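Taking the form deposited in one PDB entry, here's one chain by itself in structure tokens.
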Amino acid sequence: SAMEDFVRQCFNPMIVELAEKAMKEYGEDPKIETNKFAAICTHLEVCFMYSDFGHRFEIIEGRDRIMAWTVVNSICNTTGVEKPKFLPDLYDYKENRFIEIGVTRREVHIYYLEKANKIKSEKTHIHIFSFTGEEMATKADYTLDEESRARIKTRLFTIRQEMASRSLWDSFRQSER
């Protein structure tokens, strides 16, 4: 598929490898679930950019479940912050709170409501990004400075435009995988 080629050309090999590992966890094949492949790569890249724009942030996404829960447990033991139900994406040492990052091809408020209804934890901060430069965060607290968020928005829009140039955007956005 052209989607796999695009993924291997636009994403660095480490992100592609982690995404393939996550698909093995899912028991899914990157050559069949190509849109899920692109979405997982995009979410990983956004989480890594978010963490690098700070060390203010502890990365939880991208680790295997053992190490992710080990990191979450150590953070909870040191800070006393409540342990989340689901594995979040980041921990913010400055605000002392876990962060769930969302990347959606739909409207940001719809996805925000979906994520907030899932996580059921007022403590965990939510930050949603779209491929159109829109964002939505808990209490309108965007955590990052405007420059870092602009970098993330530019990266997402560029991914959307590369997909559209390769005639892949319609399939990707119409899919919720």
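For every residue, the number given is its place in the sequence shown, counted from 1.
From this point on, the text means the form deposited with a small molecule bound, which you will not see here.
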In the deposited bound form, do 56, 144 and 149 all reach within 4.5 Å of the small molecule through at least one heavy atom apiece? no
Spell out, yes or no, whether the shortest heavy atom distance between residue 87 and the small molecule in the deposited bound form is within 4.5 Å. yes
Residue 135 versus the small molecule, in the deposited bound form: is there a non-hydrogen atom within 4.5 Å? no
In the deposited bound form, does residue 39 have a heavy atom within 4.5 Å of the small molecule? yes
